[PDB]
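Every number for a ligand or one of its atoms is a count from 1 in the order of the listing. What you see below is based on every heavy atom in this structure, not just the backbone, and it leaves out hydrogens, waters and symmetry mates. All chains are named by letter (A, B, ...) in the order of the sequence lines, taking the proteins before the strands, and each is independently numbered beginning at 1.
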Protein chains: 4
Amino acid sequence: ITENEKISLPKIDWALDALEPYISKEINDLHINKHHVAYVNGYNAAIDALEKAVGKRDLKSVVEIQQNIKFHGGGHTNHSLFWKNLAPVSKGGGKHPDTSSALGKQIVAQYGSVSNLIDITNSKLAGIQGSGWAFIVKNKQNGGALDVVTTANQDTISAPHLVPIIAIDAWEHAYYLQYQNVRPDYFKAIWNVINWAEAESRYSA
Amino acid sequence: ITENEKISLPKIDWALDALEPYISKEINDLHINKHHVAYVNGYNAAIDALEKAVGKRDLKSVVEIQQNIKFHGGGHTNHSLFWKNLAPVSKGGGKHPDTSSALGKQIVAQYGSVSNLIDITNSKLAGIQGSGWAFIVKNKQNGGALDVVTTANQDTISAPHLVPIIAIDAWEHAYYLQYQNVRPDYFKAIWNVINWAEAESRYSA
Amino acid sequence: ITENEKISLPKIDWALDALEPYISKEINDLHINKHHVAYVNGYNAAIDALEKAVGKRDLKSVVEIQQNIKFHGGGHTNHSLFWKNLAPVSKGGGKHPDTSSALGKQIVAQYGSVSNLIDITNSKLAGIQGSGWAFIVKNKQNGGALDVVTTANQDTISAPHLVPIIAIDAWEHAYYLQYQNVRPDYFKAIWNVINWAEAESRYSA
Amino acid sequence: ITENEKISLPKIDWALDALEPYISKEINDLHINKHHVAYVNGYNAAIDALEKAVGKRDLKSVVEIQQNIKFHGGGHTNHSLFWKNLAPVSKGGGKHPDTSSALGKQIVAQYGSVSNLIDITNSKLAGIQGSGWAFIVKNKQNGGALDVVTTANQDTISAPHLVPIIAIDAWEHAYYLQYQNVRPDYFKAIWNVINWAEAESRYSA
Ligand SMILES: [Mn+2]
Ligand SMILES: [Mn+2]
Ligand SMILES: [Mn+2]
Ligand SMILES: [Mn+2]
């Protein structure tokens, strides 16, 4: 594994206790410093393992390692999107996107309001069985149309023609210390710290 | 939905705090009374929705409902197996199976010792990505041979030729409040409260 | 299993040899009379097995049978959609949808042309690994937006908010006798017998 | 991509028509020269795309490429195992393994006879939904115990502790031209040309 190929834990634009009372410092410290750090390490080790196996044409090891690449690679990708679409109330968290922005105009055209889109997303999040994510996505092929999708585990939006706009973590570790089994309460509460300014930038990028 | 079709939460043969210090009373209370209760209700609701859709030949609904049958039905089966293979130390929890038993003799012949089987099982548990279970299984068609398998979410040992001997819950709700992100500490801890008398009885049935 | 819950092979609105030179009579005869027939039988048997097991509250059998419900129920639904969106050239097969119809207006707004939408679908069909389908779908929640999706095996469009508009069978049995390994030639060829009038009715329904 | 990393189509130890009347020369010709060639080319293309994406830390592409590595790498491993465990009758195809061999002794001890194991394998094959494989496997951690498992599409026996002994292709391209929809006729016929000498050698390795 070379220095240019290795990934690192991203710097987070807000303090660990800044999402309170919606997401605790206790969850954020473990989520970033233990959970995200595990995917950073897992990806860098999986890449090192893969180059060694590929070089030897060990197709049995190559095949086995692919799953760890997908998982740790996806975990890093999902969590990085997550931290960037979260913001304290003081820093624009929970402020709806500007209705004149490309994203704001698209939400209005397809859903009528951000309120309805959030209801549709909370609905997808409730239906997730096990570990997974919900994403608000832009499709670059069908006129920049928005849709809400879910992925299992650390699976991500990897289709070249699709753009992740908002990423919501539904893994039990994302809410358990504060909400316990009451997953719908976390889903309802998170929107108060959602960074829609980042979502607008992602759409127009 | 007829009454004889409806499932119920089982009686657990130990107090909420009886598996301490290995599994907290806080975890068991939520695990039994919130988590397992949700699988009981979900299954009964899915069977009712299924019968209506099957009666109307509404195959689009039928196909959608089958996922909730699988998830909730599996959730009930898995947690029921789990409580039955958990026991307080004073009630034989953690006590290794009699080497003279059908299960005991099979463990010795295949793995040499219970400790080696536990080592294998803990490695399979460590490898679980996202929500899932590990099972020690008996295969009825290959000479009652044991193996260690894992399932995702609430998938269970449903094949008629396979018998679940030990079920270990690897979902984050099974350990998070006590062990947080340190899932290997939980997998190591659990064996101290595993009911091998139940596993011996499952092998012989 | 009752008489009202039983599914049957649908009547086909075209002669077996009427899709030639695009799809042969030889494929069509096996496709309808052996393949679709096997899903009709599989579903009716799975339903009979399900009522027996649900009644006995045999969660292990109930869980096992769900897979057969999904598969044969999906196979019947997918094939029924398929025959309805196929038509001889003499009966409107290959005729692009009317641009003033709700579907035609949506295609123009989102993709610019039917040809561009066909190119996107052919790209999705090319990327299917193993057995599966491609569908042009309408989403009732995001403003009636169209999208191209794939499913594996006999998985279908079962989400209540989604409508299958066009179903394209990519299983090897759908083309093998005529095209052999040359799967892209079949994908290119099938559009000449696609019934877009059925697609228009499905969108407006 | 470097030379040492590139895979090649293997030499097949029997003529295209050598397995007749069990597997036609038309099937073998396409299976080796079109189907397996597509896996060889696809894997080499995926390794090249992977190295470029890994080099520029483009994790979105990396995560997307992993599936093509798994599919093509698995496709090459599976077909290579397949040709090696196929033999013309005049070269010992269909001849049961020596009961004195390590494999032979293991079959007798677990299944009683090769015919009972074949029956078990044929039932697992019949149960495959869509594209997949059945494998007779040796587990190196539970006493070298044999079992029968199935994989979907081009998924393979990649776990380090498991050894594939016999691989059977259940994709429609493996039998369609000759057996059409009657897949059980193919599963029955294949055992007449299975190379058990290779299976014994795999077990002992
Ligand atoms: Mn997370
Ligand atoms: Mn649980
Ligand atoms: Mn078909
Ligand atoms: Mn093949």
| field | Atom of D/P10, atom of D/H36 and distance for their closest heavy-atom approach | value |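 So the minimum-distance heavy-atom pair works out to CD-CE1, 3.4 Å.
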
| task | State whether the number of non-hydrogen atoms from other residues, nucleotides or ligands found under 6.0 Å of D/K188 atom NZ is greater than 12. | result |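 No, not enclosed.
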
| message | If the cut-off is 2.8 Å, does any N/O/S atom of D/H36 fall short of it from the Mn ion (ligand 4)? | response |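 No N, O or S atom of D/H36 is closer than 2.8 Å to the Mn ion (ligand 4), so no.
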
| said: Under 2.8 Å from the Mn ion (ligand 4) - does any N, O or S atom of D/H35 fall there? | reply: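 It does not; every qualifying atom lies at 2.8 Å or beyond.
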
Which word best sums up how the rings of [X] and [Y] line up, parallel for under 30°, tilted for 30 to 60°, or perpendicular for over 60°?
X      : Y      : result
B/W83  : B/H79  : tilted
A/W133 : A/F135 : parallel
B/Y39  : B/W171 : perpendicular

| Atom name in A/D169, limited to N/O/S, at shortest distance from the Mn ion (ligand 1) |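 Atom name of the closest N, O or S in A/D169: OD2.
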
| said: As a test of reading the structure, name the N/O/S atom of A/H31 that is nearest the Mn ion (ligand 1). | reply: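 It is NE2, the N, O or S atom of A/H31 closest to the Mn ion (ligand 1).
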
| With the Mn ion (ligand 1) at the center, what angle do NE2 from A/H173 and NE2 from A/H79 span, rounded to 10 degrees? |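 Between NE2 of A/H173 and NE2 of A/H79, the angle at the Mn ion (ligand 1) is about 130°.
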
